[PDB]
There are 2 protein chains.
Amino acid sequence: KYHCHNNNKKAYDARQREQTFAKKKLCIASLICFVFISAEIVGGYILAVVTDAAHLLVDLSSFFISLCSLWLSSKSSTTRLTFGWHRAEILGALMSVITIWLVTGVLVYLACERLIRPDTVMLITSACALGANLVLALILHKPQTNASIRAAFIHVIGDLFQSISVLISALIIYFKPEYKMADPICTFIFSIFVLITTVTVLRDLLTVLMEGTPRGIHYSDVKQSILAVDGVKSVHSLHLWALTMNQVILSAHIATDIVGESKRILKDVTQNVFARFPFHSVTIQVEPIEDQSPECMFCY
Amino acid sequence: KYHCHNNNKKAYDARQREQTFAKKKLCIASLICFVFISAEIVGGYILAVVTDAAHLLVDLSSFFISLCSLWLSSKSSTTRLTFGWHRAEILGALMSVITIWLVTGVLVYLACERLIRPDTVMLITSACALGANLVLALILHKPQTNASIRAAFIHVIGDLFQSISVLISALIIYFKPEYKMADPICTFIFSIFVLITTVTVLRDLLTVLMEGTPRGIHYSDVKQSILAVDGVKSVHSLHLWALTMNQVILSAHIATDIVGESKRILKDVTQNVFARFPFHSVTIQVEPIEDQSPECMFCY
Ligand SMILES: [Zn+2]
Ligand SMILES: [Zn+2]
Ligand SMILES: [Zn+2]
Ligand SMILES: [Zn+2]
């Protein structure tokens, strides 16, 4: 009694732990961020206007989309969306990365306008921003890393460079009142670095959305595993795609010389395929060797 | 010699015509839009009209992403991205819809600021904007509509309402100099309508990106078609998802009572499945009746 669902539990329990573990850190980070929100209010009474609220507001806002997607991803499979809502944490994480591009562009425009209209508080604001951001970096931070932690961490550590830039600009100005042109150019030399560290995340997250082969698995390795069976002769129209970052699905065709005894081949191939990676699901068809064609364009 | 690729040509030639036909209209629209761009330059020599023509700038830009995606979608399938770049026109169209939300939000901010700082050229600018936009509506505008024409059309016809709002505001002010508060509120009553007509596009385009069942096909109808075969007994873990708007893929399990004679079942089921809809591809496994289990967390 070899049911085809026997090996699917390996990728079921591993996923369950990841979403519970991920929900633990964001809730801790959200509360820690909320504590530092009240610090600005306390300082407002005792100067009063500080721009740290804008940076901290989007950070807390970016920590509610990910919790919402993780809360939403637990829904049951339906007639529509047959695979389930398990891809909702890719779209949820993509919106977080988009915020970094939009936020940076706004600050570039404000820094650019300093040229046409040139003009202790700077030091204290930079210290608070560089303190809160650095703390959350450590709090946030074999199977590949979660698609949501890999986005929230980039958001927190991406904006740490902006706090570095203002500290350098304020320190130079406070010691040298002249050469005020360094402040507008200080942001430009550091605004690019935020746009560079978010490139390896966009590429690793965009190929999933167009059902490309995910990192950690190889097309050539999987093809060799199937061919180890004696019965199989050739594989065509192989298909690998990742439903999420650490869940993969397989689909293929298999050609065998013997028209009969096809029941035995399915048990051996499915067992051999699962002995290399925990697959979310696998669907393997069997075609007799007579039905193969030499020069089909779809076959290649 | 019933090759499994025989019926895949039905959904191959139909797709080929759609991308060639779609590339014909955008090129015509881009040139027509370019002609009206030169009208702004001609009027510049002979008055606060560049701002009116700023709307036409993003429209031409929005018509280059779609042509780029259609140019890019023709690339060959590779080891990575096994299915191909055929989903690049969903991501390309999604970015066009996002532009509508960002552009509208900017115009709301400028219209909102009129309250704090109240303050023939309006008529001529509105006439030109309402003329060019209306012409492109007709130029742009059974298988479902293309995912790129359904986005470019919404962009052109979405911003026609903004040109309507300025015409109403200018006409009322020109006749009644007083009651200047109608101009700031004129945009608000018409900025919402742009955000409403773009909702049925976002939903119909987002469920494709999370591999949901596309419009035009039904889960219950497909399940009944398979069961018409005498051999098949039960189907579990059915899976439908749309690679693009008018291309669908099928994957299922089939349980049969007779352990032998499985070669005949595959030919009948595949022929019967293709006689309801032109599928991009189909992969059907066969499982013996013994391997079925009374209950599972995956079968249901
Ligand atoms: Zn099964
Ligand atoms: Zn073929
Ligand atoms: Zn085949
Ligand atoms: Zn089962």
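Listed as the method for this PDB entry is cryo-EM; the listed resolution is 3.72 Å.

As recorded in the PDB entry, chain A goes by the name Zinc transporter 8, listed as coming from Xenopus tropicalis. The title given for this PDB entry is "Cryo-EM structure of a eukaryotic ZnT8 at a low pH". You can read under Function in the UniProt record for chain A the words "Proton-coupled zinc ion antiporter mediating the entry of zinc into the lumen of pancreatic beta cell secretory granules, thereby regulating insulin secretion." What UniProt states about chain A under its Catalytic activity heading is, verbatim, "Zn(2+)(in) + 2 H(+)(out) = Zn(2+)(out) + 2 H(+)(in)".

Visitor: So what's going on with the sheet that holds strand 1 (residues 232–244) of chain A? Residues and values would help.
Guide: All names here are of chain A. With mixed pairing, three strands are arranged side by side in an open sheet as 1-2-3. Where the open sheet ends on each side, the last strands, each with one partner, are strand 1 and strand 3 (281–288). When the angles between neighbouring strand axes are averaged without regard to direction, this sheet yields 10°. For strand 1 and strand 2 (residues 247–256), the ladder comprises nine bridges, and the chain directions are antiparallel. Opposite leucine 240, over in strand 2, you have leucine 250 as the bridge partner. Contacting strand 1 and strand 2, helix 9 (residues 219–227) runs over the sheet at an angle of about 135° to strand 1.

Visitor: Explain the sheet that holds strand 2 (residues 247–256) of chain B residue by residue, including any values.
Guide: Sheet strands associate in pairs through backbone hydrogen bonding, adopting either a parallel or an antiparallel arrangement. Residues and elements named next belong to chain B. With mixed pairing, the three strands of this open sheet are ordered in space as 1-2-3. The outermost strands of the open sheet, each flanked by one partner alone, are strand 1 (232–244) and strand 3 (281–288). Taken over all neighbouring pairs, the strand axes of this sheet differ in orientation by 10° on average, direction set aside. Lying over the sheet, helix 9 (residues 219–227) contacts strand 1 and strand 2, oriented at roughly 135° with respect to strand 1.

Thresholds, definitions, all that
Residues numbered from 1 in each chain as written, not as in the entry; some residues may be left out. Chains lettered and ligands numbered in written order. Heavy atoms only, no water. UniProt positions renumbered as here; feature names shortened; annotations may be inferred. Pairing = 2+ DSSP bridges. Helix = DSSP H or I, 4+ residues; strand = E, 2+ residues; numbered from the N terminus. Axes fitted to C-alpha atoms, helices over the stretch in contact; angles between N-to-C directions. Contact = heavy atoms within 4.5 Å.

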